[PDB]
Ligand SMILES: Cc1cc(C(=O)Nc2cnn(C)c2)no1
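Listed next as C-alpha cells is one chain, alone, in the form deposited without the ligand.
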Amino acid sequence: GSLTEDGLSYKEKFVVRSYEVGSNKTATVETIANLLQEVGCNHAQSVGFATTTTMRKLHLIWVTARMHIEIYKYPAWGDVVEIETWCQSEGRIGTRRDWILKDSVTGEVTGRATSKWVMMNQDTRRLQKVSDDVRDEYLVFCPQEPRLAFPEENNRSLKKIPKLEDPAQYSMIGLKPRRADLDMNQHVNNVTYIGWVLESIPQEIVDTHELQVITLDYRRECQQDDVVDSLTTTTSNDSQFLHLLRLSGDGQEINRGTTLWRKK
C-alpha cells in the first residue's frame, strides 16, 4: 500500500484468499470489514501514528461510534480489491474515516464505507469533545475541503436507529468471544460484533439474498467474559431488518443496527 500523490489519502490492493470466502464463493462482510481496518491501520502508520502525542499524554483513544458499509459486488477468491481511505475532522464531535472499494482490474466502484469515531479516556471510559490542540495535529493529514464516500443529501449512513422492542422475531443466544476474537490489546475486535449481529438473520435469508447495507451503532464494549444475545426483527424484492445486541443476563445494550438485503 501507499499514500496517494497529495499524501491526503491511502490506497492498498488485496488478493482475496480461499479462507476469506463464504457460501456464495465470495468474500464475507467480515473479511471486507477486516480489510477496511487493515487499510486504516496502514494509513495511520504511514503518517506517524491512531493516537497522537497529546492523546497518549492524556490517556485518550479513538473509539468507533458508528460503522456503515455498503457492498454492490463482493470480490471472489483470487480477485484483487483496491481500497482507498481518508480521514476528516467533524468539528469537536469527532473524526470520520471513509473508504471506497474498487475492482482493481476495471476501476469500477464495488463498495463504500463510512465510520464515525469519538474521543474517550482509556481508563474512565468517559467520552469527550475533541480539543483544539488535538484537532490541529490531525488536520495536516486530512483534506481541507469535504470529501465524502456518501455525499447524498438524504443518505442511509446518517439515519437514526430505533431500539428493537421485545419479543424479537429471531434470536441467537449465548454468543461468547474466543481468544481469536480479541485484538493485540485483549479487546473484542469491532468485526466480531458484525458477525454476532448477523447470527440472528435466518438461514433462509442468507441462502436467497446478499447483504447489501449494514449500519451499526456501538454503545458499549463486550468484555472477554461477557455473553451476548443477538436479536433481529424484519422491518420491510429487498428485505430490511432491525438489530440489537445485548448482554445475556441483565439485557444491557452493546449495539443496535439495521441491514438491507437484495434477492440473489
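A residue's number is simply how far along the shown sequence it sits, counting from 1. Take the two forms, superpose them, and find the largest set of C-alpha atoms that agree within 1.5 Å; that set is the rigid core.
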Greater root mean square CA deviation, 129-137 compared with 159-167 in 9 other deposited structures of this protein, core aligned: 129-137
More shifted region, core-based fit in 9 other deposited structures of this protein, 117-125 vs 171-179 by CA: 117-125
Other entries lacking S46, at least a third: no
Coordinates lacking for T31, a third or more of other entries: no
Residues of the deposited sequence that sit between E204 and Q203 yet are not modelled: none
Unmodelled deposited residues between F49 and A50, binned: 4 to 9
217-225 or 191-199, whichever carries the higher mean Cα B-factor: 217-225
Segment of higher mean CA temperature factor, 155-163 or 73-81: 155-163
Out of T235, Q212, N34, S230, residue topping the C-alpha B-factor column of the entry: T235
Identity of residue with top Cα B-factor, from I173, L127, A180, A113: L127
Position of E90 among the chain's modelled residues by C-alpha B-factor, lowest, middle or highest third: highest
Ranked C-alpha temperature factor of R96 among modelled chain residues, by third: lowest
Within-chain third of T64 by Cα B-factor, per the entry: middle
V29 - Cα temperature factor, lowest/middle/highest third of chain: lowest
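Below: the form deposited with the ligand bound, not depicted.
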Residues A50, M67 and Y218 all lining the ligand in the deposited complex, heavy atom within 4.5 Å: yes
Contact flag, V63 vs the ligand in the deposited complex, heavy atom cut 4.5 Å: yes
4.5 angstroms heavy atom contact with the ligand in the deposited complex for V228: no
Partner proximity in the deposited complex: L127 to the ligand, non-hydrogen atom cutoff 4.5 Å: yes
Heavy atom of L164 within 4.5 Å of the ligand in the deposited complex: no
Neighbours of the ligand in the deposited complex among 116-146 [non-hydrogen atom within 4.5 angstroms]: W117, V118, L127
